[PDB]
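Okay, structure first, notes after.
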Amino acid sequence: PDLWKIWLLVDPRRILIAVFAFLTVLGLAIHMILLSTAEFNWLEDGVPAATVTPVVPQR
Amino acid sequence: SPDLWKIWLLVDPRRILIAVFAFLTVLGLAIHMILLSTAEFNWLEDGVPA
Amino acid sequence: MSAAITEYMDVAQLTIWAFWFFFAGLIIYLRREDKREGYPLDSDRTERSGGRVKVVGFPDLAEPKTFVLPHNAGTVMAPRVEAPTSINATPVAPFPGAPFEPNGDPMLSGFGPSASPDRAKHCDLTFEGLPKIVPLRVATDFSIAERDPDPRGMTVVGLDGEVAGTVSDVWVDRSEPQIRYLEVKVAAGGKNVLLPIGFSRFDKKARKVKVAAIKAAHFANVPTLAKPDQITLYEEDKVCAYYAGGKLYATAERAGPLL
Amino acid sequence: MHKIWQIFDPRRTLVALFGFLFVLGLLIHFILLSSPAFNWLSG
Amino acid sequence: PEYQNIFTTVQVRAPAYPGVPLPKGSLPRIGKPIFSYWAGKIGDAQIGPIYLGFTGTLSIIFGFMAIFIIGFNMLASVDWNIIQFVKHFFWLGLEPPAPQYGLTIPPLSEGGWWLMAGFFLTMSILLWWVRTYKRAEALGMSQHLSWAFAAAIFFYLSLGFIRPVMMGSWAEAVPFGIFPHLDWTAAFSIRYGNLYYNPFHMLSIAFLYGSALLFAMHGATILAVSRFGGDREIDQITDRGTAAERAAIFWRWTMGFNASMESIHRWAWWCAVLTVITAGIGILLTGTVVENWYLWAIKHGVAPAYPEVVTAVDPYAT
Amino acid sequence: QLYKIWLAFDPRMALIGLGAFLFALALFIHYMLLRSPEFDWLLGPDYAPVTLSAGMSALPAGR
Amino acid sequence: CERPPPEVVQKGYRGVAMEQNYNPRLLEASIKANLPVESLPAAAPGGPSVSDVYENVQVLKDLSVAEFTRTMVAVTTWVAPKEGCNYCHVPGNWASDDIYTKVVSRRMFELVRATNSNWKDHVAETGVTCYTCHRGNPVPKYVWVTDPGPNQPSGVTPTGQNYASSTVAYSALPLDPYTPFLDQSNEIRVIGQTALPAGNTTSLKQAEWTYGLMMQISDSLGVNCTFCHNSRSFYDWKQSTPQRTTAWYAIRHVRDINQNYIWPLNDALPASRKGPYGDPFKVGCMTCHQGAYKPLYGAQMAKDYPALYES
Amino acid sequence: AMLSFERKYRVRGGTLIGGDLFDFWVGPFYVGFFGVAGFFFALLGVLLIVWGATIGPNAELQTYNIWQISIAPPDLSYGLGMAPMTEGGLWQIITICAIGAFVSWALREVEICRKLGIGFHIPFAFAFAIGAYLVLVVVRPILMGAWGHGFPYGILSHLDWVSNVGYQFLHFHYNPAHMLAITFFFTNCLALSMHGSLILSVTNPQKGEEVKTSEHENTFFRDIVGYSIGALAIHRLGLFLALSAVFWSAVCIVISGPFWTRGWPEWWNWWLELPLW
Ligand code: BCL
Ligand code: BCL
Ligand SMILES: CC[C@H]1c2cc3[nH]c4c(c3C)C(=O)[C@H](C(=O)OC)c4c3nc(cc4[nH]c(cc(n2)[C@@H]1C)c(C(C)=O)c4C)[C@@H](C)[C@@H]3CCC(=O)OC/C=C(\C)CCC[C@H](C)CCC[C@H](C)CCCC(C)C
Ligand SMILES: CC[C@H]1c2cc3[nH]c4c(c3C)C(=O)[C@H](C(=O)OC)c4c3nc(cc4[nH]c(cc(n2)[C@@H]1C)c(C(C)=O)c4C)[C@@H](C)[C@@H]3CCC(=O)OC/C=C(\C)CCC[C@H](C)CCC[C@H](C)CCCC(C)C
Ligand SMILES: CC(C)=CCC/C(C)=C/CC/C(C)=C/CC/C(C)=C/CC/C(C)=C/CC/C(C)=C\CC/C(C)=C/CC/C(C)=C/CC1=C(C)C(=O)c2ccccc2C1=O
Ligand SMILES: COC(C)(C)C/C=C/C(C)=C/C=C/C(C)=C/C=C/C(C)=C/C=C\C=C(C)\C=C\C=C(C)\C=C\C=C(C)\C=C\CC(C)(C)OC
Ligand code: HEM
Ligand code: HEM
Ligand SMILES: CCCCCCCCCCCCO[C@@H]1O[C@H](CO)[C@@H](O[C@H]2O[C@H](CO)[C@@H](O)[C@H](O)[C@H]2O)[C@H](O)[C@H]1O
Ligand SMILES: [Ca+2]
Ligand SMILES: [Ca+2]
Ligand SMILES: [Fe+3]
Ligand SMILES: [Mg+2]
């Protein structure tokens, strides 16, 4: 009800810079974490029934 | 929102334009890199067409 | 040729021994260089011998080297004979190695942390021959950076929190641009005194300069400058040493011990 | 041309150009020596 | 707390100093000097001008050629894939010629590029040494820096040129790469029986450790007496102030002896210089007069013996 | 009359000093329980160690 | 980032720092991933013999029919549990050799019997079982082929190194140590055994190749170099551990497996079981060990199957 | 005996503990309370090392060879308890004496700083070296769970400890904090040679020249690298580089085994497995 008083303490340009930068980094980090898993890597999980040389088993 | 234009009194469009353009370019580069590193979505190494 | 000098001696063993001989000579050289100042030593050994035994240790002293000063300021010899200087203190006990207690007011004694040598009564000079440490009112091309607060006008506060004065001017180094002294208008007397930047802790929010070395009352006794717009090397030492004496003398508890 | 010495110092230009030419000359000789087909110091 | 003189609280701005005038006929300094606020927080604000003379130009041209060759070969090693170049950059390298080539020039990708990069980098370093010598000479200064640089160059030349020539093999030399030259460093110690037992490696470490010890000692000492102007060491050398006296007295009371304001810089100079001098000697002795440093240590009674709590049957003794 | 601590210790330093000490002590004790396998709650409530059979040994022979 | 303390195994003198460090939770996961298969109940004594009943039995001739059937049930679980007996057999015909998997598996029986009977300097009464490599997979998970390294421009000779590879535990060392040392018999020793030079012309580069092999050995066993060495003298057998002696025989054992059992099977094997160079999927360390100091952490399965020992 | 300018500085007071009890000098040394404590901490530790060398690992291997003398920590089986004197207990006692001596040395430096009215940078800097030693013999052994993880007290034997600890991670060069610490060590040595050279070349110029100025000093490195840090700041930098080297060296060893048990090159797999490549 009286929460608008917070920007009387903090410059509301820098906070806008901070929240965008923090949200972007957080958004990228969560995406990287999901991509690093086998369960939630949406590009290499086979579904939607992927269509794509001798192999090197050790490497 | 109908009153969103009042942001620009706090952020100079010079800094906004550079930051937006630099971030988008890196984002587009990063996403292309991510796709190229996958076998399924590497359009250059997938062998299609022919 | 080969790696084996004898059945046991080999080239690497010779090389490491060769280094030890060079290194021994290097340490002897470095120690001799170390002894260009403060030697022969002030010793009881010399005192009872009537000066007949000069205490130099090993290695002995090197032949005097020559420092030719710029702008015809003179020539100094690094190993030089220095006249004995009396100390405004007396031993706290009669055994050797005992410390001395300053005589009179310790802040004014010129002893201990408040002691200083008598440097030359000439100003340090820039490469162009101008005095190096000068107020901002004569170094007109110098300025405070925009992002930093101007020291001028700030309230100078002693170690006790009591107000000592205000910052009238800032003394800058004209060779390497930086603050070296803060000219303080003393609240009690009004006579301007210098305050080294090393004893000044800035409080940017409060616009206060906090001096933990000395109290507000101690500012009245800071050594003064002969000329108002320049400071000699001798005066620089006198001013800095006075504030340093406060780190030990200003308050009784500063003498210690803690417990 | 003739004005290229009006906006370029002759001294800085010449030492730089000779430096590049000397480095380039060394590089080509090195490449030829690396090539077995053009090493003139072989049999 | 008291001002620790770690960061400049209030910075002073003056017109940019062009620098001490150079002798007549010298090239002018290039670059319009600028002031960096954050550089001035820890040090001097002024950036530039720089002297880029004839020698510096040649050093830059030679240096870029060597660096370009290294980076090109790193890119070629990942088959031109710039994405894989970034991923593997620390692991990539320009690798020295194979052992079978001896000291001969091999084909480009078999060590030929490495030799060119080695030669061009060496030339640029040598030209940079001449530049440091000339800059001191142009200011009427002594050549302490160029001597110390020559000592570092001696070690650098020992690693990549002098030792490989003495062993008659470019394959002994250092790869041009971040992890590859760390692999070389480990393999060098492993190949020649534990470089820990190389006494000049021991000395080099003592001087490297001493360099950190001395600069920590001297850096802390000057900052501790900077309230008396101890930073102005020329003043304290020509006109000994209370800063030099208190600095010397502190160390005399601490460890029984002390240096002077000038001689501490001689201790500093020699400690750093001896780090690369003994490093070069230790490298030059390894593989030429000593094959196994641990076995050399055993012969000279340096390696300690441990009680045999674990041992292996030697399969070659069958 | 227990105010006297605040006449000899600044409220601000003690409160920050107390918070740093209490947070460090809590982190330390939480870590000590994690150090002990009996109180390692990060292993899960229904944590069962792997059963070893047929001459298995988790660790190689020691000394 | 791991949480201390690790489980530490001291192997040398105090203060020499010859220790194995194990993260207890990482060790727990590895043990759960390397659990043995429970042995089948022992076959009924006596009964008809293999030779009397079966025609095309060339290796397991000395078996009883009950023991022979027990072995086939065992190898089915060990090699092809998801494919059954028909993986290695023509349907309807047990004695037919008209499928490559039967020709290979017959040779694999000889590989196992030779290992359990003649390589005890390495496998030491624990022995091996088809499960030790296959772990219920027709293709063992951890095999190797001759590695060309990363693709190179056609005019560039590969260095074989300076490329982040898990084969050398993510260092820049030569990434294919299997081919020179575990298939061929290139000399691993590089260190001179005299204080002064006495003719050891081994290059520094060869030390990197040995370092690469030891990186693979240590990763394969989940141990560090001090498991077998006092690093102050890598060459010295007197300051080494008994496991270094076992590893020495294991290298020769692996060479024998690859040269005398896997390589002659190359023609029977399909193209999918071959590398770019055309060499077959080969056995190295980590094919049995799979990151553990002993395969299945020393689980003893072979002793319950008489078919896995030479007559 | 004092320096010819030293007598006016030998003031009473400034002690942390002891007051006038030990406030005196013995020759050049200031003693104070922590001079007495530190000296007899060092004296006992040194004598115990000599005694440790007198009995050796055993009577057969016992040696007075200065390279081969080694006082070894306990076996790891003793955990974090006390070991018998001849089985690592002597090492534990010497370690305690070493900590007592090192800390007393730092505290004696504090009292000297108070006497002279100078900054406390030197004892603060020395605390970093002490902290590195404490990490090696206390913090890391406790995190690992045994005093036997400390390095042995021997001129060459502690190199064998360093070697084997390094090879416990198969390639120690890949330790990231280790790489950072070496960079600081190498840069510090370079900075020290540069600072030593510049001061010497300015105060000992070519023959026939006067002593140079601070303007020459700034100009010289501006002429070479385009930037001069300044006469004051080079000492900030030298202190920063040396302290950062030791801080990161302490980090590198305390993460090697307590917070990382794998080979160090494998740690970089986080970068290799980034989905960008
Ligand atoms: C197939 C391999 C052949 C070979 C084929 C070629 C070919 C093709 C060329 C050379 C050229 C050169 N070769 Mg050849 N060369 C071989 C073997 C050698 C060997 C040797 C020991 O084996 C040496 C030392 C040389 C050396 C040389 C140089 C003389 C010359 C490169 C100079 C340069 O780079 O200027 C660059 C550096 C500078 C500083 C240039 C500026 C010169 C000065 C400063 C300006 C003076 C101006 C003056 C008035 C005008 C005359 C110019 C003169 C060069 C001085 N060659 C082998 C056998 N060589 C090149 C040449 O002829 O250039 C003249 C050339 O095109
Ligand atoms: C092992 C069994 C249980 C368990 C057993 C216990 C027991 C027993 C206790 C806790 C307690 C706590 N547990 Mg628990 N806890 C477990 C698992 C967890 C997990 C987890 C995800 O696993 C978390 C996040 C926690 C978290 C917590 C905290 C809520 C609490 C510690 C209080 C504290 O740190 O105050 C210290 C920090 C402060 C900031 C205190 C503030 C007071 C001061 C005066 C404020 C000064 C402010 C000033 C500005 C200074 C600021 C700090 C400085 C600037 C640095 N527990 C396991 C599962 N836990 C303790 C508790 O309940 O405390 C209330 C407690 O006794
Ligand atoms: C006492 C021993 C220590 C030491 C000493 C030492 N090093 C030194 C010196 C000394 C005394 C110098 O005088 C010299 C120096 O200049 O220092 C500032 C130097 C130096 N030590 C350096 C590095 C260095 N020192 C090291 C080590 C050490 N140096 C030892 C620990 C190390 C380590 C630990 O590996 C390194 C990496 C350099 C910073 C410098 C020598 C610079 C040099 O030789 O430069 C050659 C130039 C090139 C190879 C590159 C040129 C090509 C460019 C990259 C092209 C592209 C950009 C271009 C410049 C743009 C502008 C172009 C213009 C035309 C406009
Ligand atoms: C943190 C940055 C660097 C640094 C800084 C530093 N060192 C310092 C200081 C500072 C600021 C001091 O003020 C203090 C000093 O006064 O120096 C002259 C000191 C000092 N650094 C010293 C040594 C030293 N510093 C080292 C390192 C470093 N010092 C860092 C690289 C090393 C290395 C790398 O090995 C050594 C050997 C001393 C010369 C001195 C401290 C003297 C001291 O504490 O004296 C009291 C103790 C004794 C006289 C003897 C104690 C003996 C013990 C009781 C028994 C032995 C125990 C020991 C563990 C044996 C181990 C032996 C084997 C390892 C061979
Ligand atoms: C009652 C009774 C008898 C008691 C016993 C006596 C007691 C208690 C004595 C107290 C002191 C004690 C405990 C002594 C016992 C232990 C002993 C003998 C210690 C000796 C001191 C000691 C550890 C010496 C080691 C010195 C060594 C080997 C290395 C130090 C590093 C080194 C190479 C320094 C050389 C360079 C120097 C001198 C640097 C100091 C120095 C620096 C760093 C400056 O920047 C500076 C700037 C301007 C002027 C001067 C200086 C200066 O002198
Ligand atoms: C701007 O640059 C671009 C982008 C264009 C390209 C940049 C690429 C990059 C990023 C390259 C990065 C390279 C890196 C990171 C290199 C790292 C190198 C390291 C760490 C090297 C470390 C040590 C190397 C040493 C010590 C090598 C010494 C070699 C010597 C001394 C060799 C001398 C050889 C000679 C003199 C050859 C003599 C033979 C003669 C006869 C010439 O041969 C014909
Ligand atoms: C007696 C038990 C074993 C049986 C029955 C067996 C069976 C087989 C079969 C049928 C194949 C071919 C599979 C295919 O290509 O689809 C095969 C291949 C292979 N086996 Fe075994 N094997 C046994 C033991 C072992 C052991 C102990 C090792 C390890 C030393 C091993 C390593 C391999 C390898 C490397 C291959 C090649 C990869 C492949 O073609 O699948 N096997 N085995
Ligand atoms: C990554 C850590 C390791 C390093 C740095 C390392 C280093 C070396 C080196 C340099 C050699 C050559 C010795 C010589 O020249 O005389 C070697 C040989 C050997 N290493 Fe390792 N090693 C490591 C790990 C291991 C492990 C864990 C084992 C045991 C499983 C092992 C067993 C052996 C054996 C048996 C030899 C002798 C091989 C032969 O002579 O054919 N090593 N090692
Ligand atoms: C050491 C550097 C300075 C740190 C100061 C603290 C030093 C160590 C603190 C003292 C702790 C002593 O704690 C005591 O240790 C011994 C030795 O492990 C333990 O002894 C126990 O383990 C040892 C070996 O692990 C067994 O031989 C013994 O059978 C068993 O009782 C005691 O059960 C324990 O009571
Ligand atoms: Ca998908
Ligand atoms: Ca495509
Ligand atoms: Fe200095
Ligand atoms: Mg390599």
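By convention in this document, chain letters (A, B, ...) are assigned in the order of the sequence lines, proteins followed by strands, and residues within each chain are numbered from 1. Both ligands and their constituent atoms are indexed starting at 1 by order of listing. Basis for what follows: all heavy atoms, side chains included, without hydrogens, waters or symmetry-related copies.
- Atom 21 (Fe) of ligand 8 has G:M214 SD, G:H229 NE2 as its protein N, O or S neighbours under 2.8 Å.
- Dense packing is recorded around NZ of G:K11, with more than 12 heavy atoms of other residues, nucleotides or ligands lying under 6.0 Å away.
- Below 30°, between 30° and 60°, or above 60°: for G:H122 and G:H289 the angle between ring planes is below 30°, a parallel geometry.
- Residue contacts with ligand 6 include E:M74, since one or more of its heavy atoms lies under 4.0 Å from the ligand.
- Every atom of ligand 7 is numbered from 1 in the order shown, and the set under 4.0 Å from a heavy atom of G:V143 is 35 (C).
- Using a 4.0 Å cut-off to heavy atoms of E:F119, the atoms of ligand 6 that qualify are 34 (C), 35 (C), 36 (C), 42 (C).
- If you number the atoms of ligand 6 from 1 as listed, the ones under 4.0 Å from a heavy atom of E:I70 come out as 13 (C).
- Counting only heavy atoms of the protein, atom 37 (C) of ligand 7 lies nearest to G:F281 O, 3.8 Å.
- Annotation: side chain of E:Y101 is in contact with side chain of E:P107 (closest heavy-atom distance under 4.5 Å).
- Once rounded to the nearest 0.5 Å, the distance linking CG of G:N200 with CD of E:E291 reads 4.5 Å.
- Counting atoms of ligand 6 from 1 in the listed order, those under 4.0 Å from a heavy atom of E:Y156 are 28 (C), 30 (C), 31 (C).
- Contact annotation for E:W114 and ligand 6: only side-chain heavy atoms (C-beta onward) come within less than 4.0 Å of the ligand.
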Assess the residue pair G:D97 and G:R106 against the criterion (salt bridge (charged side-chain N to carboxylate O under 4.0 Å, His left out)); give the C-alpha distance rounded to whole Å, side-chain angles, the decisive distance to 0.1 Å, and a yes or no. CA-CA 10 Å; G:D97 284 346; G:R106 186 180 278 129; 2.6 Å; yes
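- Polar contact check, G:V190 against ligand 8: a nitrogen or oxygen pair lies under 3.5 Å apart.
- Ligand 7 has no atom lying under 4.0 Å from any heavy atom of G:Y131.
- For atom 4 (C) of ligand 6, no protein non-hydrogen atom is found at a distance below 4.0 Å.
- Ring geometry for E:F68 versus E:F64: interplanar angle under 30°, hence parallel rather than tilted (30 to 60°).
- From the protein, the heavy atom lying nearest to atom 10 (C) of ligand 7 is G:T101 O, 3.5 Å.
- Within the 4.0 Å heavy-atom shell around ligand 8 one does not find G:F181.
- With a 4.5 Å cut-off on side-chain heavy atoms, G:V90 and G:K102 do not count as touching.
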For side chain to side chain contact (heavy atoms under 4.5 Å, CB included), just list the numbers for G:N230 and G:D236, CA-CA rounded to whole Å, side-chain angles, deciding distance to a tenth of an Å, and then say yes or no. CA-CA 8 Å; G:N230 190 335; G:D236 192 20; over 6 Å; no
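- Residue-level proximity to ligand 8 for G:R252 is carried by the side chain, the only part with a heavy atom below 4.0 angstrom.
- Side-chain contact between H:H171 and H:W264: absent, with no pair of heavy atoms (C-beta onward) separated by less than 4.5 Å.
- Minimum interatomic distance between G:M215 and G:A169 (heavy atoms only, all atoms of both residues): CE-CB, 3.7 Å.
- Residues E:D183 and H:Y174 meet the side-chain proximity criterion, which asks for heavy atoms closer than 4.5 Å.
- For the pair G:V283/G:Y261, no side-chain contact is recorded, criterion being any heavy-atom separation below 4.5 Å from C-beta on.
- Taking only nitrogen or oxygen atoms, main chain and side chain alike, G:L269 does not reach within less than 3.5 Å of ligand 7.
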Pair up each side-chain donor or acceptor in residues 71-78 of chain G with any protein partner under 3.5 Å, not counting sequence neighbours, and list the distances.
| unit_1 | atom_1 | unit_2 | atom_2 | d |
| --- | --- | --- | --- | --- |
| G:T71 | OG1 | G:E67 | O | 2.9 |
| G:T76 | OG1 | G:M72 | O | 2.6 |
| G:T77 | OG1 | G:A74 | O | 2.6 |

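- Counting only heavy atoms, the protein gets under 4.0 Å from atom 36 (C) of ligand 6.
- At the shortest separation from atom 13 (C) of ligand 7 among protein heavy atoms lies G:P138 O, 3.3 Å.
- Within a 4.0 Å radius of atom 42 (C) of ligand 6, the protein contributes at least one heavy atom.
- The closest protein non-hydrogen atom to atom 29 (C) of ligand 6 is E:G160 CA, 3.7 Å.
- For G:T115, no heavy-atom contact with ligand 7 is shorter than 4.0 Å.
- For the ligand labelled ligand 7, residue G:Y87 lies inside the 4.0 Å heavy-atom shell.
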May I have the step-by-step check of salt bridge (charged side-chain N to carboxylate O under 4.0 Å, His left out) for G:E110 and G:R107, ending in yes or no? CA-CA 5 Å; G:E110 296 168 290; G:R107 192 65 182 138; 3.3 Å; yes
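- Evaluation of the salt bridge (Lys or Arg N to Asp or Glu O under 4.0 Å) rule for G:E83 yields no partner, not counting sequence neighbours.
- For ligand 7, the polar-atom distance check against G:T129 finds no nitrogen or oxygen pair separated by under 3.5 Å.
- Residue G:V112 places a heavy atom under 4.0 Å from ligand 7.
- G:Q259 is listed as a side-chain neighbour of G:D183, based on a closest heavy-atom distance under 4.5 Å.
- Going from atom CG of E:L182 over to atom CZ of E:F90 covers 10.0 Å, rounded to the nearest 0.5 Å.
- In this structure a side-chain-to-backbone donor-acceptor pair under 3.5 Å is present from E:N292 to G:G192.
- Counting only heavy atoms of the protein, atom 19 (C) of ligand 6 lies nearest to E:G177 N, 4.0 Å.
- The shortest N or O to N or O distance between G:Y100 and ligand 7 is below 3.5 Å.
- Proximity to E:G71 (heavy-atom distance under 4.0 Å) selects the following atoms of ligand 6: 8 (C), 9 (C), 11 (C).
- Contacts with ligand 8 closer than 4.0 Å are made by heavy atoms of both the backbone and the side chain of G:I191.
- Shortest contact from atom 23 (C) of ligand 6 to any protein heavy atom: E:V174 CG1, 3.5 Å.
- Residues E:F154 and E:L284 form a side-chain contact, since some pair of their non-hydrogen atoms from C-beta on lies under 4.5 Å apart.
- Proximity of E:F72 to ligand 6, defined as any heavy-atom pair under 4.0 Å, is not found for any part of the residue.
- Neither the backbone nor the side chain of E:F120 comes within contact range of ligand 6; no heavy atom lies under 4.0 Å.
- Between D:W40 and D:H29, the ring planes lie perpendicular to each other; the angle is over 60°, past the 30° to 60° tilted range.
- For ligand 6, the atoms sitting less than 4.0 Å from at least one non-hydrogen atom of D:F30 are 42 (C), 44 (C), numbered in the order shown with element in parentheses.
- Distance check, rounded to the nearest 0.5 Å: CG of G:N266 to NZ of G:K282 gives 8.0 Å.
- The side-chain contact (heavy atoms from CB on, under 4.5 Å) with E:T122 is formed by just one residue from the set E:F161, E:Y156, E:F62; it is E:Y156.
- E:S169 has its side chain out of reach of E:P164: every pair of non-hydrogen atoms, C-beta onward, lies at least 4.5 Å apart.
- Ligand 7 has an N or O atom lying under 3.5 Å from an N or O atom of G:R273, backbone or side chain.
- Put simply, no part of E:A173 is less than 4.0 Å from ligand 6, judged by heavy atoms.
- Counting only protein N, O or S atoms, the number found under 2.8 Å from atom 21 (Fe) of ligand 7 is 2.
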